[PDB]
Amino acid sequence: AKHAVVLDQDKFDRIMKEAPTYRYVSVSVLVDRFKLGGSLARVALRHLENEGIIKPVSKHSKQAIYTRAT
Amino acid sequence: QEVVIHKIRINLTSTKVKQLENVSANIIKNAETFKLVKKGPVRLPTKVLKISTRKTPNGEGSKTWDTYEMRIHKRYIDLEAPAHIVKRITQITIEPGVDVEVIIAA
Amino acid sequence: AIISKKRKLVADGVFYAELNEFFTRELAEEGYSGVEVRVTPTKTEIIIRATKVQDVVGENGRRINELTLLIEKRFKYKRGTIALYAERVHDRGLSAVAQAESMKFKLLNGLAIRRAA
Amino acid sequence: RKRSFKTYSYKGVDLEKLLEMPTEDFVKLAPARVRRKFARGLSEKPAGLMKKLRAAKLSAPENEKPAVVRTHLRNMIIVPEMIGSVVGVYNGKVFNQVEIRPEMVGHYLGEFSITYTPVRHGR
Amino acid sequence: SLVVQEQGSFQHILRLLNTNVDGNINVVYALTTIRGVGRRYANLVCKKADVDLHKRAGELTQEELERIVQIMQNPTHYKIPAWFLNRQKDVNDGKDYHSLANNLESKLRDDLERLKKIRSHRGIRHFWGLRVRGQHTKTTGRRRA
Amino acid sequence: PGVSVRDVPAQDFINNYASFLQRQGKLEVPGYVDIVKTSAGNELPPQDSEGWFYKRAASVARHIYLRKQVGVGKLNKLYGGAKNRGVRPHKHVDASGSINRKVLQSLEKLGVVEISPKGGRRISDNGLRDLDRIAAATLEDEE
Amino acid sequence: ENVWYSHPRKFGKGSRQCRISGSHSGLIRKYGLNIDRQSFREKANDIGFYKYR
RNA sequence: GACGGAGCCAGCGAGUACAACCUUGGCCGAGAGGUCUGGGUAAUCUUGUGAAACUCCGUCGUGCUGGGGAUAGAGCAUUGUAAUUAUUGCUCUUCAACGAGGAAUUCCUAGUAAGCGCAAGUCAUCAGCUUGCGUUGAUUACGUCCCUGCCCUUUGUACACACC
Ligand SMILES: [Mg+2]
Ligand SMILES: [Mg+2]
Ligand SMILES: [Mg+2]
Ligand SMILES: [Mg+2]
Ligand SMILES: [Mg+2]
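Chains as they are written, first to last, in this note's numbering: chain X, 1422 to 1491; chain Z, -1 to 104; chain C, 38 to 154; chain R, 200 to 322; chain H, 837 to 981; chain A, 510 to 652; chain W, 172 to 224.
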């Protein structure tokens, strides 16, 4: 185990703040930025994916790529 | 007075293909001369019988292997006919090597 | 009677081989070369080629009949269902087996080997 | 005292029940192999050997051991009808002595004999 | 589907049945860390308890834990067929026995002792320190115990 | 025009079927559900515990619809695969024998599957209608 | 004439005899041939067997 | 990647009447399997051998870990008179060595290498093996004698049982 795969409110808040004005919104990228796990990242994305903000490019399993609203 | 159609299958099995073919041709010619409704010399997947063996009697050399194969040729000749005519045909129509066999009835 | 066609053919081949071997063994003095099996309904013809056809024949129905009986005993078939004919081979010189047999005979009796060859 | 150590049971049955059940009951309360064997045709397996064992039991000097019953059928299963008797299991050379205990229940005769010598040089 | 929030309603890093249950693992495959506790068996236990397979191992209500423990002790009292056990129909007692945590090892030891006492081929092999299931060692495993 | 049934991209159809089954509540659960490996080449049952058997059933039904006289053995073969044999290489062993049978029975009970002559199973007419409806729904979802 | 002069030899390499030598060694049971392979590899040509590929 | 699902695709095969074959299809068994009816002395039935590898979604995300299933206990079966020295089979468990392999060197120039199964040979029972056959399917040469082995020429030889 290498940690940073918890839950928390602070983490959620951080995630919320880290969404607009970014080139990549990918699971791997998220993991790299020392955030939540592979499945959790997707969930987080989904929660922000209600009224624009983050929009998909690829829908494939374990190779998902999303980008900001232009 | 008779003439009751049974529909008769003729089996032609063998190895030496040329002979078999000749026999088939002969049969068809005979059918033509007695003038009958008939399905042709229907050919089946010519079964190969493979027996693969170490060439060595005793297992001391390089691992040479030989596939001894037996080519088989299965032929169906279907006749729309009574039995008497078939019997007449099968009085002759036998050539060495080739198996002549009458299945009889549909 | 009746098996799978392939199997039947294989069995027939084996039978032929066996017969050939027997003739090589039994008809050694008779100068045998080849067997020519013809299987028809009821009467199965068995042609046999030899150098000394007279020996094979015997004195009208001697050895040949015995051989027929033996064959019947071997393969369950009845009297009349197996027929045996003994024939002259058309020039033995081209036939290798016959030549080999002749050579063997020459060797066994007592003769020069190289010269015989 | 009321219970001696712990009851040496087959599948929840005491020695008061174990010694008196015959073969069928043992089979019922046994590993599958034994059952299978019972199912297949029995001849010359429990024929004379069993009789010999019984004779030994009868002719025992009391409290002491019965006579050692020699077996070639080392593929035989140990049944609680003859606990206490000594069996001479054949290995090619020497019928070797084996005790029949309250814990040899439904095991094989061969697994207490061994033909070859155990390994030397180093364990 | 949703991230589990709150400040700290459920406590991380657990200790259940004489051993340790590490968090950050989803339900089942932290219970495999327990000596003897199954995969399929674990799943069955979870089902019996009535827990979702989305929670973390570093969570769980106390009541739920108690229920799980109860399930572990007796396979017969709850809806478990119980032929997924270390001792089914059994070698001595003749019931339904799937040993738990630090007890399985003890049971194994006892069995070994029994085998030794009997002096079966297997027992002999064990004593020697070799190969039980007719496996040959002419070539393989040249260090051993 | 014409509402098609085969033209559905596989998984969606199955999902729809599952949803329908969930809505109805009429199937009769085998009972040995979750206490089973489902495949002989399995170390884990279905991952989502409850459900997934429904999906399996749906898949079976779809296969039946596609083909002619279909039986238990064939189903087993279908839902088998590769065995983790450790040191030994993989073979091919089939699915659990009874579970598929149970599924078939359940389908028969609901009226999706009918018994065919010669040896196997086919589709009931009400069942066919239901399948068609499901397909239509799926199409609507897509369109 | 002795009473016990046969083992239960229903199968195995024992019951399986060759058609020429009677060997229990390398017996092509296939196609109902029952020959020790070596002999076959000599007689095969007459048995109708040939090699092509 | 792993595990579930879910999708779903070959080609060689071979297989009984005087027997103990290949065996569908249906009820009972979590498996393993059994049983009643078959069909096939075989392009016709097992069989479209609905094989694996592969392709979609979710769950766990670089931990000797859910990678890996190795030493092992327990039942039920099955084969065969006979299974202990697990024949084999599946189920729960235990869950180790092994984080891309040192010196050497094997194989290969296209449906070739490698992967992935199937079938036959075996065979009462067993596959990790062989033969075969498909199924995915590239890198880099398209050369040269440097190494290895052979080959021929020219050379020398006191060897010709020939450099052991
Ligand atoms: Mg793997
Ligand atoms: Mg086919
Ligand atoms: Mg582990
Ligand atoms: Mg082998
Ligand atoms: Mg000089």
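All C-beta atoms, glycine included, are put in the ideal place defined by N, C-alpha and C.
Alpha carbon to alpha carbon, what distance is there between Z/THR88 and Z/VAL2?
The count along the second sequence starts at 1 and reaches residue 2 of chain Z at position 4. The count along the second sequence starts at 1 and reaches residue 88 of chain Z at position 90. Near 18 Å, if we compare the C-alpha coordinates of Z/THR88 and Z/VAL2.
Roughly how far, in whole angstroms, is the beta-carbon of Z/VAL84 from the beta-carbon of Z/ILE26, given that I think they are within contact range, below 8 Å?
In the second sequence, the residue the question calls residue 84 of chain Z occupies position 86. In the second sequence, the residue the question calls residue 26 of chain Z occupies position 28. Wrong, their Cβ atoms sit about 14 Å apart, outside the cutoff.
Is the region 876 to 896 of chain H touching the region 840 to 847 of chain H in the sense that three or more CB pairs, one from each, lie closer than 8 Å?
Yes: the two stretches touch, three or more of their Cβ pairs being nearer than 8 Å.
By Cβ distance below 7 Å, which residues in the same chain neighbour A/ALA527 in space, the five residues on each side in sequence not counted?
As a working mapping, residue 527 of chain A is identified with position 18 in the sixth sequence. Closer than 7 Å at the Cβ level, and outside the excluded window around A/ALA527, lie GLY560, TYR563, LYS564 and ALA567.
Give the straight-line distance between the Cα atoms of A/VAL538 and H/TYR877, rounded to the nearest whole angstrom.
Position 29 of the sixth sequence, counted from the start, is the residue given in the question as residue 538 of chain A. Position 41 of the fifth sequence, counted from the start, is the residue given in the question as residue 877 of chain H. Roughly 21 Å separates the two Cα atoms.
Using the beta-carbon count (16 or more within 10 Å), is H/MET908 buried or exposed?
Residue numbering aside, residue 908 of chain H sits at position 72 when the fifth sequence is read from its first letter. With 16 or more other Cβ atoms within 10 Å, it is buried.
From the DSSP secondary-structure annotation, give me the bridge partner or partners of W/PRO179.
Translated into positions along the seventh sequence, residue 179 of chain W becomes position 8. W/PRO179 pairs with nothing; no bridge assigned.
For C/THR88, tell me which candidate among C/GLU82, C/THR105, C/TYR69 and C/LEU104 has the shortest Cα-Cα distance.
Locating residue 88 of chain C in the third sequence gives position 51, where the first residue counts as 1. Of C/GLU82, C/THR105, C/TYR69 and C/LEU104, the residue nearest in Cα terms is C/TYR69.
Between which two residues does the alpha helix (DSSP H) carrying Z/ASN24 extend?
Along the second sequence, read from residue 1 onward, the residue named residue 24 of chain Z stands at position 26. Run containing Z/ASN24: 15 to 31, per the alpha helix (DSSP H) assignment.
Can a CB atom of chain H be found closer than 8 Å to the CB of A/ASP516?
One-based indexing of the sixth sequence puts residue 516 of chain A at position 7. False, the Cβ-Cβ gap to chain H never drops below 8 Å.
In chain order, what residues of the same chain lie with their CB nearer than 8 Å to the CB of R/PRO221, ignoring the 5 residues before and after it?
On the fourth sequence, position 22 is the one that residue 221 of chain R refers to. Answer for R/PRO221: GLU280, listed in chain order.
Taking 8 Å as the threshold (C-beta atoms), are R/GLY283 and R/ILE299 in contact?
For the purposes of this step, residue 299 of chain R is taken as the residue at position 100 of the fourth sequence. For the purposes of this step, residue 283 of chain R is taken as the residue at position 84 of the fourth sequence. Contact: yes.
For a test of the three-state rule: what should DSSP assign to H/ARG892, helix, strand or coil?
As a working note, residue 892 of chain H is residue 56 in the fifth sequence. DSSP places H/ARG892 in strand when its eight states are reduced to three.
Nearest-angstrom Cα distance between H/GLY977 and H/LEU966?
The residue given as residue 977 of chain H occupies position 141 in the fifth sequence. The residue given as residue 966 of chain H occupies position 130 in the fifth sequence. Roughly 10 Å separates the two Cα atoms.
Please list, in chain order, the chain X residues whose beta carbon lies closer than 9 Å to that of H/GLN843.
The residue labelled residue 843 of chain H in the question sits at position 7 within the fifth sequence. Within 9 Å Cβ-Cβ: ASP1429 and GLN1430.
Please state if the CB of A/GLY628 and the CB of A/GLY580 are separated by a distance shorter than 8 Å.
Reading the sixth sequence from its first residue, position 71 is the one you call residue 580 of chain A. Reading the sixth sequence from its first residue, position 119 is the one you call residue 628 of chain A. Yes, they are a contact pair.
Listed from N- to C-terminal order along the chain, which residues in the region 875 to 886 of chain H have their beta-carbon within a distance smaller than 9 Å of any beta-carbon of chain A?
So the list reads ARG875, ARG876, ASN879, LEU880, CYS882 and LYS883, given in the order they occur along the chain.
Does the pairing of the region 533 to 551 of chain A with the region 187 to 204 of chain W give three or more beta-carbon distances under 8 Å?
Too few Cβ pairs lie closer than 8 Å, so no.
With a Cβ-Cβ cutoff of 8 Å, do R/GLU302 and H/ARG950 count as a contact?
Locating residue 302 of chain R in the fourth sequence gives position 103, counting from the first residue. Locating residue 950 of chain H in the fifth sequence gives position 114, counting from the first residue. Yes, the pair counts as a contact, with Cβ atoms nearer than the cut-off.
Count the other C-beta atoms from every protein chain shown that fall within 10 angstroms of the C-beta of W/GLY183, then say buried if there are 16 or more, exposed otherwise.
Within the seventh sequence, the letter at position 12 stands for residue 183 of chain W. Looking at its Cβ environment, which holds fewer than 16 other Cβ atoms inside 10 Å, W/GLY183 is exposed.
Thinking C-alpha only, which one of C/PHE112, C/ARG125 and C/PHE60 is nearest C/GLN91?
Looking up residue 91 of chain C in the third sequence gives position 54. Of the candidates C/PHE112, C/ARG125 and C/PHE60, the one whose C-alpha sits nearest the C-alpha of C/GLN91 is C/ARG125.
Using a C-beta to C-beta distance shorter than 8 Å, which residues of chain W count as neighbours of C/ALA54?
By 1-based counting over the third sequence, the position of residue 54 of chain C is 17. Ordered by position in chain W, the residues that pass the 8 Å Cβ test against C/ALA54 are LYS214, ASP217 and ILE218.
Can a CB atom of chain W be found closer than 8 Å to the CB of C/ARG44?
Residue 44 of chain C sits at position 7 when you count from the first residue of the third sequence. C/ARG44 counts as touching chain W.
Got a sec: is the Cβ-Cβ distance from Z/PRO94 to anything in chain C below 8 Å?
Locating residue 94 of chain Z in the second sequence gives position 96, where the first residue counts as 1. Yes, Z/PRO94 counts as interfacial toward chain C.
Just to make sure I have the definition right: I need the residues of chain W whose C-beta is within less than 8 Å of the C-beta of Z/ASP64. Which are they?
Here the question's residue 64 of chain Z lines up with position 66 in the second sequence. Those are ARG212 and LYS222, listed as they occur along chain W.
Measure the alpha-carbon distance for R/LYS251 versus W/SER177 and round it to whole angstroms.
The count along the fourth sequence starts at 1 and reaches residue 251 of chain R at position 52. The count along the seventh sequence starts at 1 and reaches residue 177 of chain W at position 6. Answer to the nearest angstrom: the Cα atoms are 27 Å apart.
Contact check, C/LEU121 vs C/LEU104 under 8 Å by CB: the rounded distance?
Here residue 121 of chain C refers to the residue found at position 84 of the third sequence. Here residue 104 of chain C refers to the residue found at position 67 of the third sequence. Indeed they touch by this definition, with Cβ atoms about 6 Å apart.
For a cutoff of 8 Å on Cβ pairs, would you count W/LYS184 as touching chain Z?
Taking the first residue of the seventh sequence as position 1, residue 184 of chain W is located at position 13. No - not a single Cβ of chain Z is within 8 Å of the one on W/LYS184.
First and last residue of the beta strand (DSSP E) that includes Z/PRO55?
Here residue 55 of chain Z refers to the residue found at position 57 when the second sequence is read from its first residue. Careful: Z/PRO55 lies outside any beta strand (DSSP E) and carries neither H nor E.
Examine the Cβ distances between the region 878 to 885 of chain H and the region 857 to 868 of chain H and report whether three or more of them are shorter than 8 Å.
Flag = yes, the region 878 to 885 of chain H and the region 857 to 868 of chain H touch.
Are there three or more Cβ pairs, one per stretch, closer than 8 Å when the region 71 to 83 of chain Z is compared with the region 33 to 49 of chain Z?
Yes, the region 71 to 83 of chain Z is in contact with the region 33 to 49 of chain Z.
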